[PDB]
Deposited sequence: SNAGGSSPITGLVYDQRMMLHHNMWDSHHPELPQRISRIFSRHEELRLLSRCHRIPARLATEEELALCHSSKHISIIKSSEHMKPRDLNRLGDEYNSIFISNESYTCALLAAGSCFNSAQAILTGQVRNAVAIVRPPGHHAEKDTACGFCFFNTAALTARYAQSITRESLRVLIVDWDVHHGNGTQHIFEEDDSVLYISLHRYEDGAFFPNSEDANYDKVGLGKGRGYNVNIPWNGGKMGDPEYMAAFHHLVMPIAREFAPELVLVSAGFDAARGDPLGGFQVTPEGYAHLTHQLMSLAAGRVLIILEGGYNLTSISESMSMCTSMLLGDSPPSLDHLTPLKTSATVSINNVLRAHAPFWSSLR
């Protein structure tokens, strides 16, 4: 009954050389790691080493063109880096960015391999840059390669092609890249909760709405839970898990669970505007542990209040370690009930548990 942890200080080297106060800070990962030490959680975990993803691994989800362009940034000069970053939606690049994105992915591959071989029951990956906005052919929203998507395909590559992987994306933003990568796939169930605001919230696309249920063989295997007009918090997230995430997940019966665990829905986040508490994230983690015989990998995505993300992700690791859930502190915001009912109607054709 062992929990893996991967963290490598080298991933701090990715930085914004024009705006050193950009919220996707190097110290996002060192702060989370530190909170694990001062809570004495780190000594309770088995440390899993980081490694570089290979280019062949990147090709599991990304085009050769995209891989070559990001790879080339390693040797670019500052003006050329600024030029190239400005060509994407919300990207900054330094000479170390490519290596850091490689390490983030390879860290998650090693963790998934530890889980699937039974060396650990579950694991946490304290990694940056994030992944879930990255598409097959382009970088986006602070993400270069789609770490969680790659890990799902890597896992299938060391087990069997049709291994059922559930990705739960509780980052406050829609994982546009993850949805698109698996949109026609019934082996990877993608469930995202996200602030939507009728398309006004980043990444600013109606792809995130509840009626995008998947395509082709994938119809039913893409579940968008979009929030509108409300400062959502633990009550809304508990209700979404009770009515939607957990029944669908149980029916799908995943063999591996990946959490795209952004902590920007947290109370205090400067961007998310939501109020999920650390005990909220602990309860969400604890519920997912009832799936896949406990085979859960928690992957850091976004989250920009250094205190909030450090407390929030430490509480997730505490639940993976088997600690009992802390106690939560209200009626759902009326628009949250609407959102949940919209998803319920959109997916009950495909999931009899709804």
Report summary line: Not represented among the modelled residues are deposited positions 1-7, 337-338, 364
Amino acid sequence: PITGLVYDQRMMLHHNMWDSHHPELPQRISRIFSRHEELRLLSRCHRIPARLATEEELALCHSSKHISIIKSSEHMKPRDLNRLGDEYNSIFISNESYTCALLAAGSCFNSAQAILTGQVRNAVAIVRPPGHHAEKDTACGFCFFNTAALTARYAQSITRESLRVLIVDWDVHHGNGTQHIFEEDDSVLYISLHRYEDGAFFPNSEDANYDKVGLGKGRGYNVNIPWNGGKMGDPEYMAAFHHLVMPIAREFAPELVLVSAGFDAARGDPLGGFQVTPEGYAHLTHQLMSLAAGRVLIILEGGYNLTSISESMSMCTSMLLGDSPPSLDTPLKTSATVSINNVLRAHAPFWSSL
From here on, numbers count along this sequence of modelled residues.
Query raised in the report: Among the other PDB entries compared that flank it on both sides, is residue 329 unmodelled in a third or more?
Result: yes
**Report entry** Residue stretch of maximal mean CA temperature factor, 174-182 vs 198-206
**Finding:** 198-206
Report summary line: Higher avg CA temperature factor (80-88 vs 150-158, as deposited) belongs to 80-88
Report task. By the entry's C-alpha temperature factors, tell me which of 64, 285, 30, 318 sits highest. Result -> 64
Query - Per the PDB entry, maximal CA B factor within 39, 300, 293, 306 - result: 293
Query raised in the report: Based on the entry's values, in what third of the chain does the Cα temperature factor of residue 327 lie: lowest, middle or highest?
Result: highest
Report summary line: Of the three thirds of Cα B-factor ranks in this chain, residue 122 occupies the lowest
Report summary line: On the chain's distribution of Cα B-factors, residue 54 falls within the third called middle
**Report entry** Chain thirds of CA B-factor: placement of residue 269
**Finding:** lowest
Report summary line: Chain-relative C-alpha B factor for residue 22 (record values, thirds): the middle
